[PDB]
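Chain order of the listed sequences is B and A. All letters in the first sequence, in the order written, are residues 232 to 340, 344 to 404, 412 to 437, 440 to 525 by the deposited numbering. All letters in the second sequence, in the order written, are residues 231 to 341, 343 to 404, 409 to 525 by the deposited numbering. Where is the CB? At the ideal position from N, CA and C, for every residue including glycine.
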Amino acid sequence: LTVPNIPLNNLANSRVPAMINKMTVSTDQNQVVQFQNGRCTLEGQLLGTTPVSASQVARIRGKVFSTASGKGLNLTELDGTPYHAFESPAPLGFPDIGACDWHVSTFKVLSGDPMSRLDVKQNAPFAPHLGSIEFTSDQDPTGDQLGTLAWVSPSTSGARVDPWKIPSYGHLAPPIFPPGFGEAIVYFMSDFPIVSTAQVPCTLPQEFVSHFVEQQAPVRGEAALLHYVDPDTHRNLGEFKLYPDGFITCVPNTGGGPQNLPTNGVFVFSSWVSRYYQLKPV
Amino acid sequence: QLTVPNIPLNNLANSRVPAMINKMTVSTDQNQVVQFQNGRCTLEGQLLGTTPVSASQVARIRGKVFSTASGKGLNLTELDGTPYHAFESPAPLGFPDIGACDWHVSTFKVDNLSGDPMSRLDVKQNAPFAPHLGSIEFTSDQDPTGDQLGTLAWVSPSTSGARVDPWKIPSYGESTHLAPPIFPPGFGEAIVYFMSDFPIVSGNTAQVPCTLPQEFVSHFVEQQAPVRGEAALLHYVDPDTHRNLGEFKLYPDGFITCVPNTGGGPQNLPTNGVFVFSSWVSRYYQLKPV
Ligand SMILES: CC(=O)N[C@@H]1[C@@H](O[C@@H]2O[C@H](CO)[C@H](O)[C@H](O)[C@H]2O)[C@H](O[C@@H]2O[C@@H](C)[C@@H](O)[C@@H](O)[C@@H]2O)[C@@H](CO)O[C@H]1O
Ligand SMILES: CC(=O)N[C@@H]1[C@@H](O[C@@H]2O[C@H](CO)[C@H](O)[C@H](O)[C@H]2O)[C@H](O[C@@H]2O[C@@H](C)[C@@H](O)[C@@H](O)[C@@H]2O)[C@@H](CO)O[C@H]1O
Numbered sequence: 232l233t234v235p236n237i238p239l240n241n242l243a244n245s246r247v248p249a250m251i252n253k254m255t256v257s258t259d260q261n262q263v264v265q266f267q268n269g270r271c272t273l274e275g276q277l278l279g280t281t282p283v284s285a286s287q288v289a290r291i292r293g294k295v296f297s298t299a300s301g302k303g304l305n306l307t308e309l310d311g312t313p314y315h316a317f318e319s320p321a322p323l324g325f326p327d328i329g330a331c332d333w334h335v336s337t338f339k340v344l345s346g347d348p349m350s351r352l353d354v355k356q357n358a359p360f361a362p363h364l365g366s367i368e369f370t371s372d373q374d375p376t377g378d379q380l381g382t383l384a385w386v387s388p389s390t391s392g393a394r395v396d397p398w399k400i401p402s403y404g412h413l414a415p416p417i418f419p420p421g422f423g424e425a426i427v428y429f430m431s432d433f434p435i436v437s440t441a442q443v444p445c446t447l448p449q450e451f452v453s454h455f456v457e458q459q460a461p462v463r464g465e466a467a468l469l470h471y472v473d474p475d476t477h478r479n480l481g482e483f484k485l486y487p488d489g490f491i492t493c494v495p496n497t498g499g500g501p502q503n504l505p506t507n508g509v510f511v512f513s514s515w516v517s518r519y520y521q522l523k524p525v
Numbered sequence: 231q232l233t234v235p236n237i238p239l240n241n242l243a244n245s246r247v248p249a250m251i252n253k254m255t256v257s258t259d260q261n262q263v264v265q266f267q268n269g270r271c272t273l274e275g276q277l278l279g280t281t282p283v284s285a286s287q288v289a290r291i292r293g294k295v296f297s298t299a300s301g302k303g304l305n306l307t308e309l310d311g312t313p314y315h316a317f318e319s320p321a322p323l324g325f326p327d328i329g330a331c332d333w334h335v336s337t338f339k340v341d343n344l345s346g347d348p349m350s351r352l353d354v355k356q357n358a359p360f361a362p363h364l365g366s367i368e369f370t371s372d373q374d375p376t377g378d379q380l381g382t383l384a385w386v387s388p389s390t391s392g393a394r395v396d397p398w399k400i401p402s403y404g409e410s411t412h413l414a415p416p417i418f419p420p421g422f423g424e425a426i427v428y429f430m431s432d433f434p435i436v437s438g439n440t441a442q443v444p445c446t447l448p449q450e451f452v453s454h455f456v457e458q459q460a461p462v463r464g465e466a467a468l469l470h471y472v473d474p475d476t477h478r479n480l481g482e483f484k485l486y487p488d489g490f491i492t493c494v495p496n497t498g499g500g501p502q503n504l505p506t507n508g509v510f511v512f513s514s515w516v517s518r519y520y521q522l523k524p525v
């Protein structure tokens, strides 16, 4: 097993199309998350709606159809092949930013302005598991539309967007529980236009996901001990544990944590360790 | 030891636009020379041109809005906001390389958002287009200010009568330190182009070619493998049956070739195959047609 030999700031977010710009721990270190993207086991098994490429993250494709009030999308996979309402929560790569309006910029798969912005609410007709969502748009999209989540905003006036939530979809990756004993889940944060924190967290950089899928490495221990290394001085900046279920922890120093580390370090696999191997605080 | 990504073609990203690869092809003129600045990396992991590491850096722009007596522009930075220094690159890393057309780039202001946060920056590749020196002019129907970060959304012709040719690169300048041209390397070989659907208005097709899938680029950067021959022989393999569907050569300078059958080529291959490194071979190794 290896992890990507790529500095953190050259890694992509796995929940929105953006680069990672810092790490952090949650304000409540017992907080449980259940992100559906950026989920993959160390052996390379994708979970939830997680796709392989950073260019599949938080994208939607579907055929426009007429609903009672306007238009909707009958979803397909991003490659245009049919979506089958089966075991996954939604088509692969479907956004997982819950409890907010989405604004998705799509094109018809040209003359004039080719873009449509689809404004999607997560209310009753939002049924991505079944394969359909509704939208309003100031443009006139028709046919086969492919696009990318552009920004998010509150579901109702006065509400706030919490990008730590996931949608109700109508094989949902399981919750990630802080494993105890002072360890805290490490979240990888990206700037992203959120109207009304304005950073989106994820639990694995996208290139970690493709790395695990590509490598199909056997898991040889209860956790993988990683070092976060300065690529210029080659000094070890901190210890992290990578768990088989596909998330990373550290022991954050009180009043601090991985948010105080440089954002240009490289994670390097060091050794397999037991589940209760104690980390040096960071 | 050199490997290539164990990822099927349809799960690979384009290295010139933010899109997934949906097929391979060869150019209609098989002697056509290209000089793309993104998707460029040697087998030893040396990035060339403006090529970034991540698929989510591809064809993106960041900069600070400034005004002139005549209009507005962006003073470019790198995508992480750090200063862009004109040195040995054509532009900031990840900067689009779709030449000779108007660009339409959707940006947001980095940091307390209210209302519609997006601005569409309309960029012309005329005189004020000087990304190598670190600035471009734009017009916009919105009101972007401050630190704007965004992604190429679509492209359209420079003039009314014109077409978009996504096989061209910009004029970045003046010496701009371009990644060198890629010539078809002889022995009946044709460069393999990886295509993605993308909104090109008034292109002959709505597709953008690139010469390396983006995950190949990051793979080479990570691996930092030594080059041990004049070319790497690859097989394109069906992941279910494990059978070899065709021979390809991967060159040290960072591109892939095949010998296409007359009237055909890799465009006729299934799109769910995986490239696998086979062996190092001589420059003169003659490929079986595909
Ligand atoms: C449909 C539409 O055009 N709505 C505009 C408002 O934005 C909507 O806000 C609601 C919640 O209030 C919801 O997020 C929709 O998805 C938004 O499209 C707009 O409100 C202003 O901008 C919003 C994004 C909101 O977040 C806030 O910034 C502000 O109230 C109003 C005001 O210009 O115009 C509406 O047309
Ligand atoms: C500034 C503007 O919005 N102009 C509209 C034209 O779009 C511009 O076309 C020029 C080239 O003529 C260039 O591509 C700019 O980037 C565009 O913004 C528009 O042209 C029509 O739509 C274009 C996207 C393109 O498909 C063109 O072939 C087509 O004629 C014209 C016509 O609607 O209106 C202009 O106001």
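Assigned exposure category for residue i - 16 Cβ within 10 Å defines buried
i	result
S410 (chain A)	exposed
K523 (chain B)	exposed
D475 (chain A)	exposed
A321 (chain B)	buried
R270 (chain A)	buried
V234 (chain B)	buried
residue 225 (chain B)	Since the displayed chain B opens at 232 and closes at 525, residue 225 (chain B) lies outside it and no answer follows.
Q459 (chain A)	exposed
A243 (chain B)	buried
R246 (chain B)	buried
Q231 (chain A)	exposed
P416 (chain B)	exposed
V263 (chain A)	exposed
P461 (chain B)	exposed
DSSP three-state assignment for residue i, whether helix, strand or coil
i	result
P388 (chain B)	coil
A249 (chain B)	coil
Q287 (chain B)	helix
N503 (chain B)	helix
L380 (chain B)	strand
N236 (chain B)	coil
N305 (chain B)	strand
Whole-angstrom distance between residue j and residue i, CA atom to CA atom
i	j	result
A467 (chain A)	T390 (chain A)	43 Å
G481 (chain B)	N503 (chain B)	11 Å
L469 (chain B)	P313 (chain A)	31 Å
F325 (chain A)	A289 (chain A)	5 Å
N241 (chain A)	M250 (chain B)	19 Å
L447 (chain A)	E424 (chain A)	16 Å
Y428 (chain B)	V494 (chain A)	47 Å
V395 (chain B)	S402 (chain B)	15 Å
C331 (chain B)	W398 (chain B)	11 Å
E308 (chain A)	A361 (chain A)	15 Å
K294 (chain B)	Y486 (chain A)	41 Å
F422 (chain B)	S431 (chain B)	28 Å
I426 (chain B)	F266 (chain B)	13 Å
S437 (chain B)	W333 (chain B)	13 Å
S453 (chain B)	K253 (chain A)	20 Å
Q442 (chain A)	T255 (chain A)	11 Å
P282 (chain A)	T376 (chain B)	34 Å
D488 (chain B)	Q449 (chain B)	15 Å
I328 (chain A)	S517 (chain B)	50 Å
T298 (chain B)	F483 (chain B)	49 Å
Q287 (chain B)	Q379 (chain B)	15 Å
Problem - Ordered list of alpha helix (DSSP H) runs contained in the region 428-485 of chain A, each at least 4 residues - result: Fully enclosed alpha helix (DSSP H) runs of 4 or longer: 449-458.
Practice task
Would you list, in chain order, the members of the region 236-251 of chain B that have their beta-carbon closer than 8 Å to a beta-carbon of chain A?
Solution key: For the region 236-251 of chain B, the residues whose beta carbon sits under 8 Å from a beta carbon of chain A are, in order, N236, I237, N240, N241, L242, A243, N244, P248, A249 and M250.
Handout entry: chain A contacts from the region 423-435 of chain B (Cβ-Cβ distance under 7 Å)
Key = From the region 423-435 of chain B, only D432, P434 and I435 have a Cβ closer than 7 Å to chain A.
Problem - Chain-ordered residues of the region 248-276 of chain A with a beta carbon less than 8 Å from chain B - result: Of all residues in the region 248-276 of chain A, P248, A249, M250 and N252 have a Cβ within less than 8 Å of some Cβ in chain B.
Handout entry: Members of the region 445-467 of chain B near chain A, C-beta cut-off 8 Å
Key = Against chain A - using a Cβ distance shorter than 8 Å - the residues of the region 445-467 of chain B are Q449, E450, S453, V456, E457, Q458 and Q459.
Handout entry: Contact set between the region 373-385 of chain A and chain B, restricted to residues whose Cβ is under 9 Å from the partner
Key = Interface annotation for the region 373-385 of chain A against chain B: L380, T382, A384 and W385, criterion Cβ-Cβ distance under 9 Å.
Practice task
With 8 Å as the limit, tell me which residues of the region 305-330 of chain B have their beta carbon closer than that to any beta carbon of chain A; keep them in chain order.
Solution key: Within the region 305-330 of chain B, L309 and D310 place their CB atoms closer than 8 Å to a CB of chain A, listed in sequence order.
Problem - Positions along the region 282-305 of chain A whose CB lies within less than 7 Å of some CB in chain B - result: Listed in chain order, the positions of the region 282-305 of chain A with a beta carbon within less than 7 Å of a beta carbon of chain B are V283, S284, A285, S286 and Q287.
Exercise for the section: Determine which residues of the region 344-368 of chain B have a Cβ less than 7 Å from any Cβ of chain A, and write them out in chain order. Expected result: The region 344-368 of chain B vs chain A, Cβ under 7 Å: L344, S345, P348 and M349.
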